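# A closer look at the structure
One-letter residues, chain by chain:
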Amino acid sequence: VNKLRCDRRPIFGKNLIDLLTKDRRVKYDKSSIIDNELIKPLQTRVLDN
Amino acid sequence: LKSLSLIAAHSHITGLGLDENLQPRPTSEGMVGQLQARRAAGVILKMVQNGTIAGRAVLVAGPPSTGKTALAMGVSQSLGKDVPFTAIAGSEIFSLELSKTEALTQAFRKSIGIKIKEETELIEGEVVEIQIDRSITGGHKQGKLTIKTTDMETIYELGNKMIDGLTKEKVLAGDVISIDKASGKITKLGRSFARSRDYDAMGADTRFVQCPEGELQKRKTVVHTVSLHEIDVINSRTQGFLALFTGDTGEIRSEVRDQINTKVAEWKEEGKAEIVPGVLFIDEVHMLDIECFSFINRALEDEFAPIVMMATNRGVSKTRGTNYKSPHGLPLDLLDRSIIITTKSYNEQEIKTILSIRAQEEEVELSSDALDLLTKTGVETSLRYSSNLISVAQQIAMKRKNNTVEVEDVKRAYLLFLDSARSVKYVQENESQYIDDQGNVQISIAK
Amino acid sequence: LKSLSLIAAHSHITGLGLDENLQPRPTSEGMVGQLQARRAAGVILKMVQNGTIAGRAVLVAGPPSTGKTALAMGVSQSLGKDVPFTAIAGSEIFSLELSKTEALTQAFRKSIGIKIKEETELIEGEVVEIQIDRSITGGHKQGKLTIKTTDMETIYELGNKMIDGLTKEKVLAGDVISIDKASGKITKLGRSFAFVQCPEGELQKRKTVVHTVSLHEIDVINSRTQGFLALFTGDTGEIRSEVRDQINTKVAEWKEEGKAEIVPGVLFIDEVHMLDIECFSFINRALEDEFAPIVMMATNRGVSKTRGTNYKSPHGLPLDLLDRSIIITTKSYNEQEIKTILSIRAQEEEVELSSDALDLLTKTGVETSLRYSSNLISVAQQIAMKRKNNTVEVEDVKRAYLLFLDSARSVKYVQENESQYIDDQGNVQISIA
Amino acid sequence: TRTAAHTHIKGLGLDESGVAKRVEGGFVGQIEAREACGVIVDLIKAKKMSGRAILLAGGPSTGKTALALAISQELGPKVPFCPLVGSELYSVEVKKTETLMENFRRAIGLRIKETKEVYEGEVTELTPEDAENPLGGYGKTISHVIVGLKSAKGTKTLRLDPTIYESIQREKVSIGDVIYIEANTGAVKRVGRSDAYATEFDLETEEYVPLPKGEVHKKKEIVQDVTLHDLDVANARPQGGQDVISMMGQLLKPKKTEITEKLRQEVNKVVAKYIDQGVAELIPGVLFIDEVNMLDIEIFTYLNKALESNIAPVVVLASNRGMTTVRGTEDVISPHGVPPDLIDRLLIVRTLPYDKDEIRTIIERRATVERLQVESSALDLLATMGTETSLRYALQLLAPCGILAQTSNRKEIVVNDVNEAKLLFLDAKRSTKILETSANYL
Amino acid sequence: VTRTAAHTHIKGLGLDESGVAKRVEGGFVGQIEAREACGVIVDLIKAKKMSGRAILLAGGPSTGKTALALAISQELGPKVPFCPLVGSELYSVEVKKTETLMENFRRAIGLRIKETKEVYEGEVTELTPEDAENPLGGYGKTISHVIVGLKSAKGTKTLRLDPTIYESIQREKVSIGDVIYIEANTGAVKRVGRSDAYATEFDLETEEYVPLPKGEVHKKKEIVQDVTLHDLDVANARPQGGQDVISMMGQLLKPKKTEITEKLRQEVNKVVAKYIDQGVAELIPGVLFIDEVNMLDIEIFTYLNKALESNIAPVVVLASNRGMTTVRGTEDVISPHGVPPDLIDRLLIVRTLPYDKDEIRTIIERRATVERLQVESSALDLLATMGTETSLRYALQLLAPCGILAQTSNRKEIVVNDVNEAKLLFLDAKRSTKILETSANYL
Ligand SMILES: Nc1ncnc2c1ncn2[C@@H]1O[C@H](COP(=O)(O)OP(=O)(O)O)[C@@H](O)[C@H]1O
Ligand SMILES: Nc1ncnc2c1ncn2[C@@H]1O[C@H](COP(=O)(O)OP(=O)(O)O)[C@@H](O)[C@H]1O
Ligand SMILES: Nc1ncnc2c1ncn2[C@@H]1O[C@H](COP(=O)(O)OP(=O)(O)O)[C@@H](O)[C@H]1O
Ligand SMILES: Nc1ncnc2c1ncn2[C@@H]1O[C@H](COP(=O)(O)OP(=O)(O)O)[C@@H](O)[C@H]1O
Ligand SMILES: [Mg+2]
Ligand SMILES: [Mg+2]
Ligand SMILES: [Mg+2]
Ligand SMILES: [Mg+2]
């Protein structure tokens, strides 16, 4: 059990899981615009056609 | 020592032989001669370490087996860790998946590094017991749990959202956990040693840890060293972190690149992230497409342009993608915005000193007359031809089980393995036996 | 109504400018000169409007800066809407993902349109009262609404889907709403008193809606289940020929039944002088099918070498198409014609020109290329703007001319300083000493 | 504080509607060239033309790219500007024509301005207002909902229509929590609990936000810009969480695809519809291409076709070659490698080599930029060297002299330092001579 | 019975303890210098010290180059990795040639891994969940532990398992009477099958039956499986875990080669170095062999220079037969053996000499003995003469149809008439060319 516990410990995330979200995190706020009506994604185009 | 200790071609060289006055010692740091080239390399290294200058291209020139690759390796070694150093070959950029221009862009982005620091407020500690009044009131009756450390222990009051979060990832006390002060994230670190004897077969996730020591909550800062290219790759894809290992980046668009540049500038202004200029080294750049040369010329004039060093052993020859021959194998416009460093062929004394240092590197002792014969052979032949002969002669001496390498062993090794000139002479003398350029060949000895 | 429009090369050209006798006017609809070429273009336009013929290929010729592309743009403008018109470049078909034959087939299919019309009832009126009967944690819900027009006013009981329809978008008494009964779409025509007049006449009326979709869209849709996304992302590859044959049969039987009508269009290829022999060979057979749009081809090259072959062919194309194609030639431009063209360009860009300035611009456009002056006019106006006067003078045009070089002058300067520039062999001199 | 062969150019160095000064904005000489560049800047600022192409040709190290950088600086950050290389267009993923069209669309930008009325503050209380129903019934009827908002330096209570009940129930916000309400659009958005309630618990997973400053009623105008290519790629690329196409984007590799013309024309139509209301404002950009001699003849033909479009922005081309052959054709010879038809469609701007005094001024200005000081004798020696070998060699040699002076603990460079640099560092001509005089394959 | 294909008669170089090659040994004759050089190379490989050393052997066709390249591998032993290669195989459609060369380079060097695992196995006698009566506030309903008894031939034993293993075995759908398999390390549970003791329980049964395992219940063992680093890189780049639907879709897709980044190789190198420092693993350098290197492009030749200077670069050997020729992908660069001069400078050259008439006769005798055929002395002499007249490989190939010809006449010996008939029925290259010179339509 000692060997198993010692071996199961050094499992390192190669970069991180917090680095990823910290680099995703955009300081720019929501700033809602008419872009919601301007984008019209693929699913909406499928639906309305 | 952290890397694999297999002995390679460039193992003896470590750092640069320069002093605080940038004066190269005749024999230091595993390098011999090339005083002017070593001084130029030290100047370039100081230029890189200054970090206030960018977008400079330096050329390394010299005949084959003169020390260009050795000089680049020594420069990288002297630069040390924590500073990016990308070493690629010219033919490597030719990729079926990625355009050559995009490959050059990625290579440039890899060579420049970034340090980012982050601060966290975490509360880590073993929990004593958790009590919730599910029957007295029911529905988040504001239960309480006690967290214990080796030096201190207190009692916390828990809200409704605390109970809802703790229901997921159920905790049965006696476990070491860490709670986030900002987002209130529940993280299970590991169980205590007291639970080690509960069963005889544990689960995959079962682990035991000691009780944390010190204050219940701490303020800590972490610094990460991530280069730009990783940032562009991660931002480009929903899960881009896999693309680093897999290598299928997918020709990242320039829009993401400029967004990343703006983000990096903003972080630098805020002081969260600092920029660490690096070094990009391209070996055997004599072979490359002209489009790559033009792209290099244009991209050398950007703020995030690492110092680029290239090597070439070719004279005035034809450049790939063009019919005409250009000097040094490169177009003249690139040569205009570049500095050329030339290396001269070694001397007999330099050759024998290098051979001695190589033999000492391979834990091989040599007789004086054996060293003199090896130097004499390497003067007529090339220097690189002598090291392989040295290794083979050591193997022969080990076969004979007689201590040091003798002159007879070296002579036998030279007899067994031929030089390029001898092979050319033998081929010319027996040109019928080998396959000619027209495909004609003679097999039968009898006429 | 008006799409994104900016002053471009062919902004002024709007229509051929032809009479009932198909005799071009000297100056009309932005077209000047080229009487025979304009007459031939009008003949082709009348043939296209007739729509009773197919598989006719016409090649226009002439030196650069002659108006062949302008002639094609005028043809497109005179063609009007409801008739497809596809303009592609010669190098556009060299696709890394799609075969050149497949790209040419797609270009051919895109030029033919199909019209299908249907009758959809419409209900439009002013809201009086909206009553929604819901149940919290109850599931089933009810609703009632009252609609009103100028002549009549009744209360309508809504279905389950109608409740969601009127609740997804806010609908009040002060709103004027038209709803299609079959479609279920809810439209807010405008806002009444909380400024649009209440709808008049009958509350419910039936109106006809026509959908126009080119045939290539039908091929893309029926190629695969996920092929609809390719109508926008353009990621479709090697549509099976059986699909095309079945679509052709369906279109033929639809036209026979009168359910739908086909509107043949015009496919225009610019700079056809560059292309592969495979493309020409495929075109030779593609022009012979029933659903072949009339193809207009432009080429300014002389007797040159067709790409993909060592030999040089006249007009830049192999004789196979030239046998089955019709050639329209274009001639150079007279000085007076150049002056009128420059004047119409100035009128398009609302730039005031001095008479002497116009005359010298005409003379320099006769000596140099016409495009040189047609570009220099805007720069001259910009320079004159710095003098705080809304009129271009001789001095402004001279300053613009000395500021910006012509091709011949630049060639002369390069020849005089060949050492400074980069030689074809790669040699170049950069040191002044 | 990093410089790379640039950043010493600050604008075109012109004056108020006149001939550019001798020295201004880090520019020396070539008055005609930058005067023409300023004319072009005025033309693009007019924002009326479409598909106007200019080309500048000259010898190497004659400020060809410097002028493009200068006009980019003069235009301003808001105006889009896309640098490009001749080798950029050769893409494995998609054909060159699609890449060129995508760059063209990326050159054009668009600006959006919006105004919003915001009622925000701490929720003091939520009290419904009862009234008699218009239709007879025993059920409770509510005519208005009373909401009180508290902020720094001001508090207020608002009477609203009772339909806000759904939004207030959805946001799960109760009391003493900052909320955001739009005037005409309605609806509410919870932003976080009031900071005063943070101490109410020993631990908390929910952040507490400070109360809004100023009045509860706010009127802020927001400006957002985006290029047309971003709109096109957003329209084409699917988005979503769990729809099948969403993770069909996953487990695969998203790659550039030839966007159809119907999508582009639909985007143009919706953009025109929005700009007819004054909300949008289209601003054309500038596309910069270097080493245009490296473009294929097919790309040249497609450029000829595309320059006549009604949305094509202003493009600027640079070439340092003269009487050469266009790539893709072994027999066609045209100046600067551009086919004659394309040359007929643009304007040629000449560039002239510099003189010794201009070279010396450039060197001294660069030295001032690099934050290092030289002597008059050393400066003259450097100017002579630049006039002898090349200007760029002298410019590159600056930093090694600074390093050598630093090693000698000196603050200013002397003749000895530049001599050490010249012996340590070689230029093109000496390297070529060494190659000619050596037979060791070097 | 036993198959022979131009090989399998070579068991090694055949060198004595002093390194002197015998005249005839291990299916080899002559080429004493080449055999001595190959033995020296074998000793260097077994030294496990040098890295990146490269040799090249050159000679005319049928001079034993491939034979030597196989004999060196045979002498090395199956433990040390040896990846044969041909210069043509590098060009791959999916990925660039450089990536393939690097992948083969990493395939060449190997590594062995030792780890200890303990396994509980045996027939399931009974299983019993144990539910604690105390809610404790932290959970609603869960089993405190599960007690399972295991039976095997040597004895029986009972176990106490946490809820995770119980959930796993419940997912495995195992009742009383099924032989199961418990791994202590990862908690892996797999159902081997139902014990054969219940075979007669029903007249027919879908389930297969397994005999009761040996060992008491619980065993301790270790695995010394040796795996090269390329497999590690592939596994890291292509994970097999996860039960997500996206993971299954990825598993369905075909495995396409990709340019593995240098960062991943660096991390693999770091963990391997840590393990080898801990003594849990041992690194064994291998040998990479490329045949017909003249087919390589100049780009691959250039990249070989950079590759050979790496730290973990193995020993690579090359084979070529051409002389003064032009490197592929170039225009006029004429270099010996079709190899650029810099690469030749980096490697060592080994020469292979042709064979004498007596040596050819001895080769024919040895080959015929290997094929288990009887050849008359006169017929063997005639075969040696005609092989010296045209080629050795022609005689070696003609050795086969002579056996069938003798069998047709039921004789068991090779007769001059049989070999003459075979020569009549089969023509060599020279006769074919001569008859091709004078013919109507390409013959
Ligand atoms: N200063 C030096 N001291 C010792 N050995 C050197 C030195 N310079 C070069 N070498 C030797 O030269 C070899 C590298 O030659 P290299 O420069 O790669 O040739 P090329 O110029 O063809 O790239 C190495 O094996 C190294 O041992
Ligand atoms: N009749 C005309 N009316 C208006 N513009 C014309 C006329 N003829 C030629 N042009 C102008 O000449 C230019 C070149 O003509 P076009 O056919 O478009 O290209 P090119 O002839 O150079 O291939 C166009 O910009 C067009 O505006
Ligand atoms: N007026 C000027 N003032 C200062 N530096 C200049 C000036 N003109 C050119 N330069 C220098 O010339 C360089 C630009 O070279 P450029 O002529 O664009 O190269 P290419 O000819 O290859 O395009 C810049 O690094 C800049 O330092
Ligand atoms: N010294 C030898 N002893 C026995 N057989 C040999 C010898 N040399 C060559 N051979 C035979 O020649 C055959 C082919 O030779 P190979 O080495 O493939 O030619 P190459 O050198 O052109 O590749 C092999 O099957 C091998 O058995
Ligand atoms: Mg090297
Ligand atoms: Mg035209
Ligand atoms: Mg430039
Ligand atoms: Mg062979």
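Residues numbered from 1 in each chain as written, not as in the entry; some residues may be left out. Chains lettered and ligands numbered in written order. Part of a larger assembly, values for the part shown. Heavy atoms only, no water. Residues with missing side-chain atoms left out of burial classes, pairs and counts.

Structure determination for this PDB entry is given in the record as cryo-EM, at a resolution of 3.8 Å.

If you look chain D up in the PDB entry, it shows as RuvB-like protein 1 from Saccharomyces cerevisiae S288C. The title assigned to this entry in its PDB record is "SWR1-nucleosome complex in configuration 1". Recorded under Catalytic activity, the UniProt text for chain D is reproduced unchanged: "ATP + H2O = ADP + phosphate + H(+)". Among the UniProt annotations of chain D, the heading Subcellular location holds the following wording: "Nucleus". (UniProt positions renumbered as here; feature names shortened; annotations may be inferred.)

For chain A, the PDB entry supplies the name Helicase SWR1 and the organism Saccharomyces cerevisiae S288C.

On to the arrangement of the chains, then. Most contacts, among the nine pairs of chains that meet, fall between chains B and E. Regarding chain C and chain E, the two do not touch, and the least distance separating their C-alpha atoms is 16 Å. (Contact = heavy atoms within 4.5 Å.)

So, on to the packing of aromatic side chains. Counted according to the given criterion, the structure contains four aromatic pairs over all chains. Ring geometry for B:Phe85 and B:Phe281: centres 6.4 Å apart, planes at 15°, overall stacked. Placement of the pair is B:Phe85 in strand β4 (residues 85-89) and B:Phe281 in strand β12 (residues 279-283), with a sequence separation of 196 residues. Residues E:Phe82 and E:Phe289 carry aromatic rings whose centres are separated by 6.3 Å and whose planes lie at 10° to one another, so their mutual orientation is stacked. With E:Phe82 in strand β4 (residues 82-86) and E:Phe289 in strand β14 (residues 287-291), this residue pair connects regions lying 207 residues apart in the sequence. Overall, E:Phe82 belongs to the partly exposed group, its relative accessible area being 21%. Note that E:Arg194 overlies the ring of E:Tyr198, its terminal NZ or CZ placed 5.0 Å from the centroid. (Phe/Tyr/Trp six-rings, centres within 6.5 Å; stacked < 30°, edge-to-face > 60°. Helix = DSSP H or I, 4+ residues; strand = E, 2+ residues; numbered from the N terminus. Buried < 20%, exposed > 50% of the residue type's maximum accessible area, 1.4 Å probe, protein only. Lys NZ or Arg CZ within 6 Å of the ring centre and 35° of its normal.)

This part is about the sheet that holds strand β16 (residues 339-342) of chain B. All names here are of chain B. Read from one edge to the other, the open sheet built from five strands follows the order β4-β12-β13-β3-β16, with strand pairing classed as parallel. Pairing within the sheet leaves two strands with one partner each, and these edge strands are β4 and β16. Across the sheet, the mean angle from the axis of one strand to that of its neighbour is 20°, orientation sign disregarded. Relative to β16, strand β3 (residues 57-61) runs parallel, the two sharing four bridges. Paired with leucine 59 across the strands is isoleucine 340, a residue of β16. Helix α2 (residues 68-79) contacts β3, β4, β12 and β13 (307-312) of the sheet and is inclined by roughly 155° relative to β13. (Pairing = 2+ DSSP bridges. Axes fitted to C-alpha atoms, helices over the stretch in contact; angles between N-to-C directions.)

As a further point, take the site of ligand 4. Residues and elements named next belong to chain E. Around ligand 4, a shell composed of 16 residues is seen, among which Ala6, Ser62, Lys65, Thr66 and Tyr355 lie nearest. In this structure, a nitrogen atom belonging to ligand 4 sits 3.2 Å away from a main-chain N or O atom of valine 29. A distance of 3.4 Å separates an oxygen atom of ligand 4 from a polar atom in the backbone of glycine 64. Protein coverage of the free-state accessible area of ligand 4, which is 560 Å², stands at 90%. Mapped by element, the contributors of at least two residues to the shell around ligand 4 are β2 (28-29) and α2 (65-76). (Near = heavy atom within 4 Å. Polar contact = N/O pair within 3.5 Å; in protein donor to acceptor, adjacent residues only side chain to side chain. Areas by Shrake-Rupley, 256 points an atom, 1.4 Å probe, with all protein chains shown as cover.)

For C:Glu119, the location among the structural elements is in strand β5 (residues 113-133). The contact partners of C:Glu119, leaving out residues within four places of it in the chain, are C:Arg206, C:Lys207 and C:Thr208.

What follows covers a nonpolar patch on the surface. Where nonpolar side chains cluster on the molecular surface, the patch consists of D:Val244, D:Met248, D:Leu252 and E:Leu253 and spans about 360 Å² of accessible area. In this structure, D:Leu252 sits in the loop between α6 (244-249) and α7 (261-275). (Patch = residues over 30% accessible without salt bridge, like charges linked within 9 Å, V, L, I, M, F, W, Y side chains within 5 Å. Salt bridge = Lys/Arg side-chain N within 4 Å of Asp/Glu carboxyl O.)

Taken together, 21 residues form the shell around ligand 1, and within it B:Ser65, B:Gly67, B:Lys68, B:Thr69 and B:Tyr346 come nearest. Flanking ligand 1 are residues from chains B and E. In this structure, an oxygen atom belonging to ligand 1 sits 2.8 Å away from a main-chain N or O atom of B:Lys68. Between ligand 1 and B:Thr69, the relevant distance is 2.7 Å, taken from an oxygen atom to a side-chain nitrogen or oxygen of the residue. Contact with the protein chains covers 95% of the free accessible surface of ligand 1, which is 560 Å². Counting only elements with at least two residues in the shell around ligand 1, the list comes to β2 (31-32) and α2 of chain B.

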